Each structure stands twice: as structure tokens, then as C-alpha cells.
Amino acid sequence: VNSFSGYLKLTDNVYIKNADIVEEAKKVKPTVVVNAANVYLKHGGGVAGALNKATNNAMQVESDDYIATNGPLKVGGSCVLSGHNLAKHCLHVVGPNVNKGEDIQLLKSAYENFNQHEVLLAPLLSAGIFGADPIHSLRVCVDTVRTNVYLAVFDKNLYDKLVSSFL
Ligand SMILES: Nc1noc2ccccc12
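- This entry, as listed in the PDB, derives from X-ray crystallography and reports a resolution of 1.0000 Å.

## Comments concerning the side chain of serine 63
Then comes step 1: With respect to the secondary-structure elements, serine 63 resides in helix 3 (residues 58-70).
Then comes step 2: When its relative accessible area of 0% is taken as the criterion, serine 63 is described as buried.
Then comes step 3: At a separation of 2.8 Å, a polar atom in the side chain of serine 63 contacts the side chain of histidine 43.
Then comes step 4: Not counting the four nearest positions on each side in its chain, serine 63 is found in contact with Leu41, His43, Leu81 and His92.

## Structural notes on the site of the ligand
Then comes step 1: Taken together, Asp20, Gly46, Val47, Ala50 and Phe154 are the residues near the ligand.
Then comes step 2: In the environment of the ligand, a nitrogen atom lies 3.1 Å from a nitrogen or oxygen atom belonging to the side chain of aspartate 20.
Then comes step 3: Calculation on the ligand without its partners gives an accessible area of 270 Å², and the protein chains cover 69% of this total.
Then comes step 4: A molecule is said to occupy a pocket when more than half its atoms come within 2 Å of that pocket's grid points, and by this definition the ligand occupies the largest pocket.

## With respect to the environment of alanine 48
Then comes step 1: Its place among the elements puts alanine 48 in helix 2 (residues 46-54).
Then comes step 2: On the basis of relative accessible area, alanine 48 is assigned to the buried category, the value being 4%.
Then comes step 3: For the pair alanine 48 and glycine 6, spaced 42 residues apart in sequence, the C-alpha separation works out to 24 Å.
Then comes step 4: Leave out the neighbours within four places in its chain, and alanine 48 touches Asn35, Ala36 and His43.

## Comments concerning the packing of aromatic side chains
Two aromatic rings, taken as a pair, are described by how far apart their centres are and by the angle between their planes.
Then comes step 1: On inspection of all chains with the given rule, the structure shows five aromatic pairs.
Then comes step 2: Ring plane angle 90 degrees and centroid distance 5.5 Å describe the contact between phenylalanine 4 and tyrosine 7, whose orientation is recorded as edge-to-face. Note on accessibility: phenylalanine 4 and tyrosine 7 belong to one class, buried.
Then comes step 3: Ring centres of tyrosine 111 and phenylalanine 114 lie 5.2 Å apart, and the angle between their planes is 70 degrees; on these two criteria the pair is classed as edge-to-face.

## What about the side chain of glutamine 60?
Then comes step 1: Within the secondary structure, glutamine 60 is located in helix 3.
Then comes step 2: Overall, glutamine 60 belongs to the buried group, its relative accessible area being 12%.
Then comes step 3: Residues contacting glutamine 60, with those up to four places away along its chain left out, are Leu41, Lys42, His43 and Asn52.

## Remarks on the nonpolar core
Then comes step 1: Judged by nonpolar contacts, the single largest core of 26 residues is most densely connected at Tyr111, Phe114 and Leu151.
Then comes step 2: Taken together, the elements giving at least two residues each to this core come down to strand 2 (14-18), strand 3 (32-36), strand 5 (89-93), helix 4 (106-112), strand 6 (119-122), helix 5 (134-144), strand 7 (148-153) and helix 6 (156-164).
Then comes step 3: The biggest single contributor to this core is helix 5, with four residues.
Then comes step 4: Excluding residues that lie within four positions of it along the chain, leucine 151 makes contacts with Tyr7, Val14, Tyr15, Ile16, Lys17, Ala122, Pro123, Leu124, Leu138 and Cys141.
Then comes step 5: One finds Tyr7, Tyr15, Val28 and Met59 within the second-largest nonpolar core, a separate group that totals 17 residues.

Criteria and thresholds
- For each chain, positions are counted from 1 along the sequence as written; this may not be the entry's numbering. Residues without coordinates are not shown.
- Just so you know, side-chain values use all the structure's heavy atoms and leave hydrogens and water out.
- Residues with missing side-chain atoms are left out of burial classes, side-chain pairs and their counts.
- We count a stretch as a helix when DSSP gives it H or I for four or more residues in a row; a strand needs E for two or more, and each element gets its number in order from the N terminus.
- Type-normalised accessible area, obtained with a 1.4 Å probe on protein chains alone, sets the label of each residue: buried when under 20%, exposed when over 50%, and partly exposed for intermediate values.
- For this analysis, a polar contact is any N or O atom pair within 3.5 Å, provided that within protein one partner can donate a hydrogen and the other can accept it, and provided that sequence-adjacent residues contribute only side-chain to side-chain pairs.
- Contacts were defined at the residue level, with two residues in contact if any of their heavy atoms lie within 4.5 Å.
- The rule for a residue being near a molecule or strand is that one of its heavy atoms must lie within 4 Å of it.
- Surface accessibility in these figures is a Shrake-Rupley result with a 1.4 Å probe; residues are shielded only by whichever protein chains are displayed.
- Buriedness of a pocket was judged along seven lines, with at least five required to meet protein on both sides within 12 Å; pockets are open sets of points on a 1 Å grid over the protein atoms alone, cavities are sets where a 1.4 Å probe fits but cannot get out, and lining residues have an atom within 4 Å of a point.
- Assignment of a molecule to a cavity or pocket requires that more than half of its atoms lie within 2 Å of the corresponding grid points.
- Centres within 6.5 Å make a pair out of two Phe, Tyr or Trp rings, where for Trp the six-membered ring is used; the pair is then stacked when the planes are under 30 degrees apart, edge-to-face when over 60, and tilted otherwise.
- The set of buried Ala, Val, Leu, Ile, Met, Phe, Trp, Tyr and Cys residues whose side-chain atoms join them within 4.5 Å is what this entry labels a nonpolar core.

Structure, rendered in C-alpha cells:
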């Protein structure tokens, strides 16, 4: 049993809810929250900007030190950093950004990072300002992630379309 409430069950391991991931993280304090990161960990907008704002920029400060030591992530890759006030850990995952012309086949590689964690609170990778089709992102998630994933979808209209169209 876990703390996640109000989520619709899609499969054995994947759950979904219309929720603000920031507000959900603040309530649950999950072991892992996933950030929709870019390779530079520049948390300007979208999910990343919202998570970073909720940490009072401490996420960005930590991320800048990580990049100064390690250099940029790979598209499809990830790193584990602090969850600050939101979670124990933040898994920063880089899905491909269609608005930069990145290979959508890298979305499966991005979701494979989730399999290193038994339970996660996450957004749909490459959705929103990353430009991918969220219906596609949900299909890749279900077909790739084997650990227990609780998906927060910010937009009510999109949430209802993801559920209604789910095969
Ligand atoms: N709380 C938020 N502001 O912007 C966002 C974009 C995606 C998900 C959550 C937020």
C-alpha cells in the first residue's frame, strides 16, 4: 500500500491523475519525483520551471553545481539529485524535445530510467513544451516502465482525452 490517492488505474503498474505535480509532490512527499529536464538542467519553464520555483531555486543551484562537475546529460538520460522540499529524490529525465528536432525513438530510452526506481511520481515525458504527442508518451510509458508509476497530468482537458483514448 502507498500514499497516492485519487489515481485512475491504467495497467498493473501505471496510474494517472489530473493534478499539479508540484501540489502532488508537496502532499505525498514521494521517494522519487521525476523532473522533465533538459540536458543542461536549466529549469526555466514547463514542469521543470514549476518544480524549481517550488524549491525556491534550490533545485537550480544544485543542478548548476552538477553540470559544472559532470557536464550535460544525454537526451534519453537522467541523474538523481535531491528532492528538496518536494520528495526524497528528484530523478531528472531528459526526454527528446520535438521543438529542437530530437529523435522521438529516444522517448523509450528516457522512460527506461524509471525502471531503476520501485515507485515514482512523474509527468508524461516529452509532453507539454517538449512538443511530443502526450497520447504517444503515455503508450511508451505503459510499454516501457515496469515499476510503479503515478502520472500527474496538469491539464484536465488532456487528462480526459488520455483516459478516453487509452487502449
Ligand atoms: N505548476 C505548474 N506550472 O506550470 C506547469 C507545467 C506543467 C506542470 C505543472 C506546472
